[PDB]
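Just below is one structure, and these are the notes that go with it.
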Amino acid sequence: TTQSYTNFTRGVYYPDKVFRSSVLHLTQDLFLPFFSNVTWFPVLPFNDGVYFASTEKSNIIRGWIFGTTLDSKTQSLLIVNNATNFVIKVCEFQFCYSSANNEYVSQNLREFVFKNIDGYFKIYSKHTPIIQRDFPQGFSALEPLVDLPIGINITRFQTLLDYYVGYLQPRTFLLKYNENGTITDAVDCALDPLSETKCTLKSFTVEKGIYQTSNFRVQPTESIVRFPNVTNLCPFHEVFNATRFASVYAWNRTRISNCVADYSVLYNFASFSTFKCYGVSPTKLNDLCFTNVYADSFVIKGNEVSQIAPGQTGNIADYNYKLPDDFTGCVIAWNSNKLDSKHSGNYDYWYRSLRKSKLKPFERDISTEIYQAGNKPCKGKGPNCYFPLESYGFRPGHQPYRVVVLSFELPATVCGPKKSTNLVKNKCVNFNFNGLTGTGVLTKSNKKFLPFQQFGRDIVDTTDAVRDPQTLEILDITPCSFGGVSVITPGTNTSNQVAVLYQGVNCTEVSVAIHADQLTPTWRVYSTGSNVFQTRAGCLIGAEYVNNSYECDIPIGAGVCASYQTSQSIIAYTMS
Ligand SMILES: *[C@@H]1O[C@H](CO)[C@@H](O)[C@H](O)[C@H]1NC(C)=O
Ligand SMILES: *[C@@H]1O[C@H](CO)[C@@H](O)[C@H](O)[C@H]1NC(C)=O
Ligand SMILES: *[C@@H]1O[C@H](CO)[C@@H](O)[C@H](O)[C@H]1NC(C)=O
Ligand SMILES: *[C@@H]1O[C@H](CO)[C@@H](O)[C@H](O)[C@H]1NC(C)=O
Ligand SMILES: *[C@@H]1O[C@H](CO)[C@@H](O)[C@H](O)[C@H]1NC(C)=O
Ligand SMILES: *[C@@H]1O[C@H](CO)[C@@H](O)[C@H](O)[C@H]1NC(C)=O
Ligand SMILES: *[C@@H]1O[C@H](CO)[C@@H](O)[C@H](O)[C@H]1NC(C)=O
């Protein structure tokens with residue numbers, strides 16, 4: 001009734017329209033992987049596509065049922081088939097139809113490769129008259145039939161009754177095009193060492209020798225996080241809940257340190273209007289640690305809201321407040337008119353707009369001495385001498401607003417909450433120490449760190465050791481294995497047996513990595529007993545050592561060679 005069947009090598013369709021002839025194309029798409037459990041037939045999940053391939057039944061399978069839940073929900077689709085051919089419809093539908101509510105005809109084996117991507121439905125089909133008992137044997141490419149926009153989300157389907165529903169994954173194929181525009185054969189670039197070299201050479205035949213191929217890398221296992229212990233201070237309420245902040249000329253420089261700052265509380269405090277900033281992207285703030293967080297304050301009239309930014313000098317934002325060009329902070333601001341503005345003016349709401357020269361950024365001057373610019377010693381206003389003063393008068397645009405510019409700098413004190421996970425060590429594991437990211441195998445160090453320096457660098461200027469900021473212990477950041485693999489073949493015309501060579505690894509490390517499934521090359525070679533040899537360039541899998549000494553046929557390295565010799569098997573010997 002339902003058996004796993006893993007003997008299909010079919011389901012190759014035309015990727016596109018453009019004509020080709022007598023070429024070997026290489027393309028990647030969602031193809032059905034060779035030798036995958038399909039079914040041998042309820043509702044089924046629609047991951048990315050299927051390969052409904054029912055054999056002859058004199059048209060009793062009829063159509064299909066699609067949709068997102070198929071039970072009185074978002075619209076569905078039908079693939080009803082009859083003598084007139086397709087009569088497909090798309091609407092909500094209900095229990096069969098009986099209360100359908102809420103399109104054209106297109107004139108043995110019954111293959112389909114239904115695929116729904118980018119709001120388009122694809123019904124590739126091919127009616128192959130295969131009668132011989134060897135049903136799985138043979139090759140037949142599929143031709144597109146109709147593509148129509150459906151727009152609806154599909155994640156399940158039901159047959160409307162020998163079914164062979166399969167599943168689709170993203171893979172890479174090397175297609176063969178005929179002289180008269182057809183496809184004769186194809187090869188999957190994931191199975192065995194053999195059907196990977198034939199993809200890099202872009203040919204269906206290979207000659208004897210070694211062919212360099214892609215790299216191998218040991219994947220990690222889990223992830224850990226380490227943050228400073230706890231403070232629970234987050235004193236952001238003092239700044240943001242003050243009646244009057246300051247003037248533009250005289251402004252606070254509040255310092256914030258030793259707190260577990262939460263940045264999610266600011267979003268509901270007022271009507272923000274300029275919550276944008278540089279250096280660090282917003283909504284990613286609550287994941288990393290800082291060093292010198294500060295906070296300013298202004299009651300700027302509102303015409304210079306765009307003037308508060310790196311640059312944008314406008315003769316008003318150059319004597320009062322100036323930001324550096326490489327300003328790594330945020331310019332959080334909001335709107336306030338109910339309590340700030342008033343029909344009259346304010347004494348301290350002024351700006352010195354008549355100073356001789358602009359300031360270096362991050363500087364403030366309070367001196368109230370009258371400016372002197374006359375030739376003779378001046379006594380008051382009227383000559384070039386004049387004490388700058390404005391005393392701006394608000395009038396309920398022109399409504400004064402509030403600006404709470406921060407200042408970041410990146411020994412860390414201020415950073416957000418994050419769960420802590422106990423150390424594991426001695427495994428290829430991700431890590432997060434305060435603020436950083438990497439991958440390696442942590443272990444107990446043996447260095448002589450002095451009690452003021454945390455990190456540890458190297459000649460190449462790479463991180464080497466980081467102190468744990470909960471136990472005050474030093475560790476190592478050594479990464480784990482990666483390299484390259486080379487495939488040995490004796491020629492397609494002779495045999496189909498290969499060997500592999502993981503370059504430059506003491507491969508007891510990879511032998512255990514096979515069992516726990518950490519390798520990147522998902523394909524595996526038959527690693528039986530008396531079948532692994534440790535060379536000076538790595539280890540050879542699939543060849544057995546021999547005490548004899550012949551002439552070299554395929555040069556390996558370090559003084560050994562591999563040749564195909566007669567039962568027949570690949571052997572590895574020493575040059576002579
Ligand atoms: C293959 O699919 C069948 C479907 O019946 C399932 O039972 C079986 O466990 C699968 N085999 C795998 C995932 O190795
Ligand atoms: C796959 O298994 C089927 C089971 O019916 C068999 O007929 C077919 O020959 C097999 N194909 C192989 C082993 O390539
Ligand atoms: C498809 O779209 C509908 C309507 O917006 C939505 O409710 C549903 O979650 C989506 N389904 C899937 C499987 O993404
Ligand atoms: C189509 O291709 C086949 C296969 O090679 C060939 O025999 C046949 O002559 C071609 N038909 C043409 C060119 O009309
Ligand atoms: C600005 O100046 C002082 C300096 O200590 C600061 O503590 C205070 O919060 C600010 N004053 C007002 C009135 O906002
Ligand atoms: C961190 O806090 C825990 C809370 O139980 C405490 O036991 C531990 O000593 C603290 N560690 C340091 C280094 O202060
Ligand atoms: C490989 O590692 C094993 C186990 O630690 C060791 O006995 C052997 O000498 C190593 N081989 C080489 C070539 O370093």
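Within each chain, counting starts at residue 1; across the structure tokens, chains are named A, B, ... in the order shown, with ligands numbered 1 upward in that order.
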Given a cut-off of 10 Å, what residues near ligand 2 show up using only C-alpha atoms and all ligand atoms, put as a PyMOL selection string? chain A and resi 5-9+35+133-137
Leaving out residue 530 of chain A and any residue of its chain fewer than 4 positions from it, which residues lie within 9 Å of it when counting only C-alpha atoms, given as a list in words?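 Listed by chain and then number, they are residues 543, 544 and 545 of chain A.
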Neighbours of ligand 7 within 8 Å, counting only C-alpha atoms and all ligand atoms, as a list in words?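 Answer in the requested format: residues 506, 507, 508, 509, 534 and 536 of chain A.
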Would you write out those residues with C-alpha atoms, as a CSV table (one decimal), in the first residue's frame?
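This went into again-v7.csv:
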chain,number,residue,atom,x,y,z
A,506,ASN,CA,45.7,13.0,9.6
A,507,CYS,CA,42.4,11.5,8.7
A,508,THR,CA,41.6,9.7,11.9
A,509,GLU,CA,40.0,13.1,12.4
A,534,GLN,CA,47.7,7.0,5.4
A,536,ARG,CA,52.1,12.0,3.4
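If one restricts the calculation to only C-alpha atoms and all ligand atoms, the set of residues situated within 12 Å of ligand 4 consists of residues 21, 22, 177, 178, 179, 180, 181, 182, 183 and 184 of chain A.
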As a quick test: using only C-alpha atoms and all ligand atoms, which residues lie no more than 10 Å away from ligand 5? Give them as a ChimeraX atom specification. /A:238-239,242-247,250-255,296-298
Exercise answer, 12 Å around ligand 6 with only C-alpha atoms and all ligand atoms, as JSON, numbers by chain: {"A": [226, 227, 228, 229, 230, 231, 420, 467, 468, 469, 470, 471, 472, 473]}
Would you tabulate, counting only C-alpha atoms and all ligand atoms, all residues of chain A that have an atom at most 7 Å from an atom of ligand 3, showing the closest pair of atoms and their distance in Å to one decimal, sorted by chain then ascending number, as CSV?
residue,atom,partner,partner_atom_place_in_ligand_line,distance
A:68,CA,ligand 3,13 (C),5.9
A:74,CA,ligand 3,3 (C),6.7
A:152,CA,ligand 3,1 (C),6.1
A:153,CA,ligand 3,1 (C),4.2
A:154,CA,ligand 3,13 (C),5.9
A:155,CA,ligand 3,13 (C),5.5
Ligand 1: which residues are within 12 Å, counting only C-alpha atoms and all ligand atoms, as a list in words?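 The residues within 12 Å of ligand 1, counting only C-alpha atoms and all ligand atoms, are residues 1, 2, 3, 4, 5, 6, 7, 35, 36, 37, 38, 39, 40, 41, 44, 163, 164, 165, 166 and 167 of chain A.
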Do a neighbour search on residue 282 of chain A at 12 Å with only C-alpha atoms, toss out local chain neighbours closer than 3 positions, and write the hits as a PyMOL selection string. chain A and resi 263-264+267+275-279+285-287+329-332
Keeping N, CA, C and O atoms, export the residues of the selection given above as a short mmCIF file (atom, residue, chain, number, x, y, z; two decimals), in the first residue's frame.
data_model
loop_
_atom_site.label_atom_id
_atom_site.label_comp_id
_atom_site.auth_asym_id
_atom_site.auth_seq_id
_atom_site.Cartn_x
_atom_site.Cartn_y
_atom_site.Cartn_z
N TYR A 263 16.96 48.20 24.35
CA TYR A 263 16.64 49.18 23.32
C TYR A 263 15.22 49.04 22.78
O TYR A 263 14.84 49.80 21.89
N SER A 264 14.44 48.09 23.30
CA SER A 264 13.06 47.92 22.85
C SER A 264 12.09 48.84 23.57
O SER A 264 10.93 48.95 23.14
N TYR A 267 10.86 52.54 21.66
CA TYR A 267 9.92 52.64 20.54
C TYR A 267 8.57 53.20 20.97
O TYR A 267 7.89 53.84 20.16
N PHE A 275 14.14 58.54 13.62
CA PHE A 275 14.77 57.39 14.26
C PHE A 275 15.55 56.60 13.21
O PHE A 275 15.21 55.48 12.83
N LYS A 276 16.62 57.23 12.72
CA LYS A 276 17.51 56.63 11.75
C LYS A 276 18.94 56.89 12.18
O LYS A 276 19.22 57.90 12.84
N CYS A 277 19.85 56.00 11.81
CA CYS A 277 21.23 56.20 12.23
C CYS A 277 22.18 55.33 11.42
O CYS A 277 21.77 54.41 10.71
N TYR A 278 23.46 55.66 11.55
CA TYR A 278 24.54 55.15 10.73
C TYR A 278 25.40 54.19 11.54
O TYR A 278 25.16 53.96 12.72
N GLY A 279 26.41 53.63 10.88
CA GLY A 279 27.35 52.76 11.56
C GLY A 279 26.78 51.41 11.93
O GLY A 279 27.32 50.37 11.54
N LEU A 285 20.51 46.43 17.05
CA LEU A 285 21.25 46.99 18.17
C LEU A 285 21.32 46.03 19.34
O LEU A 285 22.35 45.96 20.03
N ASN A 286 20.25 45.28 19.59
CA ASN A 286 20.18 44.43 20.78
C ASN A 286 20.85 43.08 20.55
O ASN A 286 20.27 42.03 20.84
N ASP A 287 22.08 43.09 20.03
CA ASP A 287 22.83 41.85 19.87
C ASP A 287 24.33 42.00 20.09
O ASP A 287 25.05 41.02 19.90
N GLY A 329 26.74 56.63 15.60
CA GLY A 329 25.75 56.76 16.65
C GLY A 329 24.38 56.94 16.04
O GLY A 329 24.20 56.79 14.83
N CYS A 330 23.40 57.26 16.89
CA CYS A 330 22.04 57.45 16.42
C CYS A 330 21.44 58.75 16.92
O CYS A 330 21.80 59.26 17.98
N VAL A 331 20.50 59.28 16.13
CA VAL A 331 20.05 60.66 16.21
C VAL A 331 18.56 60.60 16.57
O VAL A 331 17.72 61.32 16.02
N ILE A 332 18.22 59.66 17.45
CA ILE A 332 16.85 59.51 17.93
C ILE A 332 16.25 60.86 18.26
O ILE A 332 16.85 61.67 18.97
#
Would you mind listing what lies within 12 Å of residue 127 of chain A as a PyMOL selection string, with only C-alpha atoms counted and same-chain residues fewer than 2 positions away left out? chain A and resi 53-56+108-112+124-125+129-130+140-143+145
Could those selected residues go to a file with N, CA and C atoms, as a PDB file, in the first residue's frame?
ATOM      1  N   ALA A  53       3.601  10.140 -11.393  1.00  0.00           N
ATOM      2  CA  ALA A  53       3.978   9.359 -12.569  1.00  0.00           C
ATOM      3  C   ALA A  53       3.199   8.051 -12.618  1.00  0.00           C
ATOM      4  N   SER A  54       1.885   8.131 -12.431  1.00  0.00           N
ATOM      5  CA  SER A  54       1.058   6.932 -12.449  1.00  0.00           C
ATOM      6  C   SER A  54       1.112   6.258 -13.812  1.00  0.00           C
ATOM      7  N   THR A  55       1.106   4.929 -13.805  1.00  0.00           N
ATOM      8  CA  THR A  55       1.135   4.159 -15.041  1.00  0.00           C
ATOM      9  C   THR A  55      -0.253   4.177 -15.680  1.00  0.00           C
ATOM     10  N   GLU A  56      -0.438   3.376 -16.728  1.00  0.00           N
ATOM     11  CA  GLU A  56      -1.706   3.361 -17.444  1.00  0.00           C
ATOM     12  C   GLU A  56      -2.831   2.884 -16.532  1.00  0.00           C
ATOM     13  N   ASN A 108       0.064   6.008 -22.409  1.00  0.00           N
ATOM     14  CA  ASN A 108       0.293   5.107 -21.286  1.00  0.00           C
ATOM     15  C   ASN A 108       0.738   5.877 -20.049  1.00  0.00           C
ATOM     16  N   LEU A 109       2.051   6.060 -19.914  1.00  0.00           N
ATOM     17  CA  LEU A 109       2.600   6.760 -18.761  1.00  0.00           C
ATOM     18  C   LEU A 109       2.110   8.203 -18.733  1.00  0.00           C
ATOM     19  N   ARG A 110       2.039   8.769 -17.528  1.00  0.00           N
ATOM     20  CA  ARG A 110       1.293   9.997 -17.287  1.00  0.00           C
ATOM     21  C   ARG A 110       2.123  10.938 -16.399  1.00  0.00           C
ATOM     22  N   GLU A 111       3.390  11.141 -16.759  1.00  0.00           N
ATOM     23  CA  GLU A 111       4.299  11.905 -15.910  1.00  0.00           C
ATOM     24  C   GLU A 111       3.870  13.359 -15.776  1.00  0.00           C
ATOM     25  N   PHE A 112       4.125  13.927 -14.601  1.00  0.00           N
ATOM     26  CA  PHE A 112       3.956  15.347 -14.347  1.00  0.00           C
ATOM     27  C   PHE A 112       5.001  15.789 -13.335  1.00  0.00           C
ATOM     28  N   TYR A 124       4.672  20.461 -16.625  1.00  0.00           N
ATOM     29  CA  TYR A 124       5.473  19.645 -17.541  1.00  0.00           C
ATOM     30  C   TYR A 124       4.937  18.223 -17.638  1.00  0.00           C
ATOM     31  N   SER A 125       4.743  17.746 -18.867  1.00  0.00           N
ATOM     32  CA  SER A 125       4.163  16.430 -19.094  1.00  0.00           C
ATOM     33  C   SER A 125       4.819  15.755 -20.288  1.00  0.00           C
ATOM     34  N   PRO A 129       4.874   5.943 -24.180  1.00  0.00           N
ATOM     35  CA  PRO A 129       4.320   4.577 -24.301  1.00  0.00           C
ATOM     36  C   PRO A 129       5.349   3.498 -23.970  1.00  0.00           C
ATOM     37  N   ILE A 130       5.523   3.250 -22.676  1.00  0.00           N
ATOM     38  CA  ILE A 130       6.438   2.227 -22.183  1.00  0.00           C
ATOM     39  C   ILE A 130       5.614   1.019 -21.764  1.00  0.00           C
ATOM     40  N   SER A 140      13.341   9.771 -20.710  1.00  0.00           N
ATOM     41  CA  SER A 140      12.374  10.559 -21.472  1.00  0.00           C
ATOM     42  C   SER A 140      12.315  11.953 -20.869  1.00  0.00           C
ATOM     43  N   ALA A 141      12.791  12.946 -21.612  1.00  0.00           N
ATOM     44  CA  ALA A 141      12.695  14.322 -21.160  1.00  0.00           C
ATOM     45  C   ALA A 141      11.253  14.809 -21.258  1.00  0.00           C
ATOM     46  N   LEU A 142      10.939  15.835 -20.476  1.00  0.00           N
ATOM     47  CA  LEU A 142       9.588  16.366 -20.399  1.00  0.00           C
ATOM     48  C   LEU A 142       9.526  17.750 -21.029  1.00  0.00           C
ATOM     49  N   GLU A 143       8.372  18.061 -21.622  1.00  0.00           N
ATOM     50  CA  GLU A 143       8.137  19.301 -22.341  1.00  0.00           C
ATOM     51  C   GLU A 143       7.070  20.139 -21.647  1.00  0.00           C
ATOM     52  N   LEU A 145       3.899  22.328 -20.763  1.00  0.00           N
ATOM     53  CA  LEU A 145       2.566  22.226 -21.340  1.00  0.00           C
ATOM     54  C   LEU A 145       1.764  23.511 -21.165  1.00  0.00           C
TER      55      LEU A 145
END
Contacts of residue 150 of chain A within 12 Å, only C-alpha atoms, excl. fewer than 3 positions in-chain, as number ranges by chain: A: 66-67, 75-78, 88-91, 103, 115-122, 147, 153-154
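Note that atom CA of residue 422 of chain A and atom CA of residue 435 of chain A are 16.9 Å apart.
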So that I can check the surroundings of residue 288 of chain A, please list as a ChimeraX atom specification every protein, DNA and RNA residue that reaches within 12 Å of it, counting only C-alpha atoms and ignoring chain neighbours fewer than 3 positions away. /A:225-228,260-263,280-281,283-285,291,408-410,412-418,432-437
Nearest to residue 302 of chain A: which of A:334, A:95, A:401, A:362 is it, counting only C-alpha atoms? A:401
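With only C-alpha atoms as the basis for measurement, A:172 is the residue among A:493, A:518, A:576, A:172 that approaches residue 28 of chain A most closely.
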Residues near residue 350 of chain A, cut-off 10 Å, only C-alpha atoms, skip fewer than 5 positions along chain, as a ChimeraX atom specification: /A:247-250,299-300,345,388-393
Straight-line distance linking atom CA of residue 403 of chain A with atom CA of residue 344 of chain A, stated in Å to one decimal: 21.7 Å
Sel. of helix (DSSP H, G or I) residues, segment 424-562 of chain A, as a VMD selection string: chain A and resid 508 to 515
Those same residues - N, CA and C atoms - I'd like them written as a tab-separated table (two decimals), in the first residue's frame.
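Contents of selection_1.tsv, as written:
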chain	number	residue	atom	x	y	z
A	508	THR	N	42.38	10.15	10.74
A	508	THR	CA	41.59	9.65	11.86
A	508	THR	C	40.57	10.71	12.30
A	509	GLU	N	40.88	11.98	12.04
A	509	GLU	CA	39.96	13.06	12.37
A	509	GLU	C	38.71	13.02	11.50
A	510	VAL	N	38.85	12.64	10.23
A	510	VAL	CA	37.67	12.57	9.37
A	510	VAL	C	36.95	11.23	9.50
A	511	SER	N	37.67	10.17	9.90
A	511	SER	CA	37.02	8.88	10.09
A	511	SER	C	35.94	8.95	11.16
A	512	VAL	N	36.22	9.63	12.27
A	512	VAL	CA	35.17	9.87	13.26
A	512	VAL	C	34.16	10.88	12.74
A	513	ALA	N	34.59	11.82	11.90
A	513	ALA	CA	33.66	12.82	11.38
A	513	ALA	C	32.67	12.21	10.40
A	514	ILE	N	32.97	11.03	9.86
A	514	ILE	CA	32.00	10.33	9.02
A	514	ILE	C	30.81	9.88	9.86
A	515	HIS	N	31.07	9.31	11.03
A	515	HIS	CA	30.01	8.70	11.83
A	515	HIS	C	28.99	9.74	12.30
All strand (DSSP E) positions in segment 176-399 of chain A, as a list in words: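 Everything in segment 176-399 of chain A that counts as strand (DSSP E) is residues 176, 177, 183, 184, 185, 186, 187, 188, 209, 210, 211, 212, 254, 255, 271, 272, 294, 295, 333, 334 and 335 of chain A.
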Please produce a file of those selected residues containing N, CA, C and O atoms, as a PDB file, in the first residue's frame.
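Saved the output as out30.pdb:
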ATOM      1  N   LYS A 176      22.661  16.998 -21.795  1.00  0.00           N
ATOM      2  CA  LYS A 176      23.213  16.687 -23.109  1.00  0.00           C
ATOM      3  C   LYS A 176      22.167  16.983 -24.173  1.00  0.00           C
ATOM      4  O   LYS A 176      21.070  16.419 -24.142  1.00  0.00           O
ATOM      5  N   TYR A 177      22.513  17.849 -25.118  1.00  0.00           N
ATOM      6  CA  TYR A 177      21.612  18.242 -26.190  1.00  0.00           C
ATOM      7  C   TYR A 177      22.016  17.559 -27.488  1.00  0.00           C
ATOM      8  O   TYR A 177      23.204  17.429 -27.791  1.00  0.00           O
ATOM      9  N   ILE A 183      17.084  16.096 -25.911  1.00  0.00           N
ATOM     10  CA  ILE A 183      17.916  15.667 -24.793  1.00  0.00           C
ATOM     11  C   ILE A 183      17.997  14.150 -24.819  1.00  0.00           C
ATOM     12  O   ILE A 183      16.973  13.469 -24.943  1.00  0.00           O
ATOM     13  N   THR A 184      19.209  13.618 -24.712  1.00  0.00           N
ATOM     14  CA  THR A 184      19.427  12.177 -24.728  1.00  0.00           C
ATOM     15  C   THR A 184      19.833  11.613 -23.375  1.00  0.00           C
ATOM     16  O   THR A 184      19.408  10.513 -23.021  1.00  0.00           O
ATOM     17  N   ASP A 185      20.633  12.340 -22.597  1.00  0.00           N
ATOM     18  CA  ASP A 185      21.076  11.850 -21.300  1.00  0.00           C
ATOM     19  C   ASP A 185      21.393  13.029 -20.392  1.00  0.00           C
ATOM     20  O   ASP A 185      21.549  14.164 -20.848  1.00  0.00           O
ATOM     21  N   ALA A 186      21.478  12.748 -19.094  1.00  0.00           N
ATOM     22  CA  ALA A 186      21.843  13.749 -18.104  1.00  0.00           C
ATOM     23  C   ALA A 186      22.527  13.054 -16.936  1.00  0.00           C
ATOM     24  O   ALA A 186      22.372  11.848 -16.732  1.00  0.00           O
ATOM     25  N   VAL A 187      23.293  13.826 -16.169  1.00  0.00           N
ATOM     26  CA  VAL A 187      24.073  13.286 -15.061  1.00  0.00           C
ATOM     27  C   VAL A 187      23.975  14.238 -13.874  1.00  0.00           C
ATOM     28  O   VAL A 187      24.021  15.463 -14.039  1.00  0.00           O
ATOM     29  N   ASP A 188      23.817  13.674 -12.677  1.00  0.00           N
ATOM     30  CA  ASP A 188      23.636  14.443 -11.450  1.00  0.00           C
ATOM     31  C   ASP A 188      24.979  14.686 -10.782  1.00  0.00           C
ATOM     32  O   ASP A 188      25.760  13.749 -10.589  1.00  0.00           O
ATOM     33  N   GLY A 209      43.895   9.277 -14.587  1.00  0.00           N
ATOM     34  CA  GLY A 209      44.672  10.296 -13.921  1.00  0.00           C
ATOM     35  C   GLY A 209      43.918  10.858 -12.736  1.00  0.00           C
ATOM     36  O   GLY A 209      42.855  10.370 -12.361  1.00  0.00           O
ATOM     37  N   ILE A 210      44.482  11.910 -12.146  1.00  0.00           N
ATOM     38  CA  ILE A 210      43.905  12.584 -10.986  1.00  0.00           C
ATOM     39  C   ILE A 210      43.249  13.878 -11.433  1.00  0.00           C
ATOM     40  O   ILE A 210      43.824  14.643 -12.216  1.00  0.00           O
ATOM     41  N   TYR A 211      42.043  14.129 -10.933  1.00  0.00           N
ATOM     42  CA  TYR A 211      41.298  15.341 -11.249  1.00  0.00           C
ATOM     43  C   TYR A 211      40.966  16.072  -9.959  1.00  0.00           C
ATOM     44  O   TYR A 211      40.198  15.565  -9.135  1.00  0.00           O
ATOM     45  N   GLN A 212      41.536  17.261  -9.791  1.00  0.00           N
ATOM     46  CA  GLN A 212      41.239  18.075  -8.622  1.00  0.00           C
ATOM     47  C   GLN A 212      39.762  18.447  -8.614  1.00  0.00           C
ATOM     48  O   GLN A 212      39.156  18.672  -9.665  1.00  0.00           O
ATOM     49  N   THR A 254      25.267  63.417  29.171  1.00  0.00           N
ATOM     50  CA  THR A 254      25.023  62.344  30.128  1.00  0.00           C
ATOM     51  C   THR A 254      25.777  61.079  29.741  1.00  0.00           C
ATOM     52  O   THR A 254      25.762  60.663  28.580  1.00  0.00           O
ATOM     53  N   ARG A 255      26.431  60.467  30.722  1.00  0.00           N
ATOM     54  CA  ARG A 255      27.204  59.250  30.515  1.00  0.00           C
ATOM     55  C   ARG A 255      26.413  58.048  31.009  1.00  0.00           C
ATOM     56  O   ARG A 255      25.807  58.096  32.084  1.00  0.00           O
ATOM     57  N   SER A 271       6.197  60.341  19.588  1.00  0.00           N
ATOM     58  CA  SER A 271       6.039  60.201  18.142  1.00  0.00           C
ATOM     59  C   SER A 271       7.392  60.448  17.488  1.00  0.00           C
ATOM     60  O   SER A 271       7.738  61.575  17.130  1.00  0.00           O
ATOM     61  N   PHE A 272       8.170  59.378  17.331  1.00  0.00           N
ATOM     62  CA  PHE A 272       9.475  59.495  16.695  1.00  0.00           C
ATOM     63  C   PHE A 272       9.321  59.935  15.247  1.00  0.00           C
ATOM     64  O   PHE A 272       8.364  59.559  14.565  1.00  0.00           O
ATOM     65  N   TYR A 294      26.865  57.415  25.219  1.00  0.00           N
ATOM     66  CA  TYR A 294      26.517  58.702  25.820  1.00  0.00           C
ATOM     67  C   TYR A 294      25.121  59.146  25.405  1.00  0.00           C
ATOM     68  O   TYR A 294      24.375  58.370  24.801  1.00  0.00           O
ATOM     69  N   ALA A 295      24.757  60.389  25.725  1.00  0.00           N
ATOM     70  CA  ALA A 295      23.450  60.926  25.363  1.00  0.00           C
ATOM     71  C   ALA A 295      23.471  62.440  25.505  1.00  0.00           C
ATOM     72  O   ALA A 295      23.880  62.957  26.547  1.00  0.00           O
ATOM     73  N   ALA A 333      15.051  61.122  17.739  1.00  0.00           N
ATOM     74  CA  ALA A 333      14.359  62.379  17.981  1.00  0.00           C
ATOM     75  C   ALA A 333      12.862  62.136  17.897  1.00  0.00           C
ATOM     76  O   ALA A 333      12.412  61.136  17.333  1.00  0.00           O
ATOM     77  N   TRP A 334      12.086  63.056  18.465  1.00  0.00           N
ATOM     78  CA  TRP A 334      10.634  62.926  18.441  1.00  0.00           C
ATOM     79  C   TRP A 334      10.012  64.310  18.297  1.00  0.00           C
ATOM     80  O   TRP A 334      10.705  65.308  18.082  1.00  0.00           O
ATOM     81  N   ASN A 335       8.688  64.359  18.414  1.00  0.00           N
ATOM     82  CA  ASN A 335       7.910  65.563  18.176  1.00  0.00           C
ATOM     83  C   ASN A 335       7.208  65.950  19.471  1.00  0.00           C
ATOM     84  O   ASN A 335       6.581  65.101  20.114  1.00  0.00           O
TER      85      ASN A 335
END
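Among A:346, A:27, A:307, A:549, the residue with the shortest atom-to-atom distance to residue 175 of chain A, counting only C-alpha atoms, is A:27.
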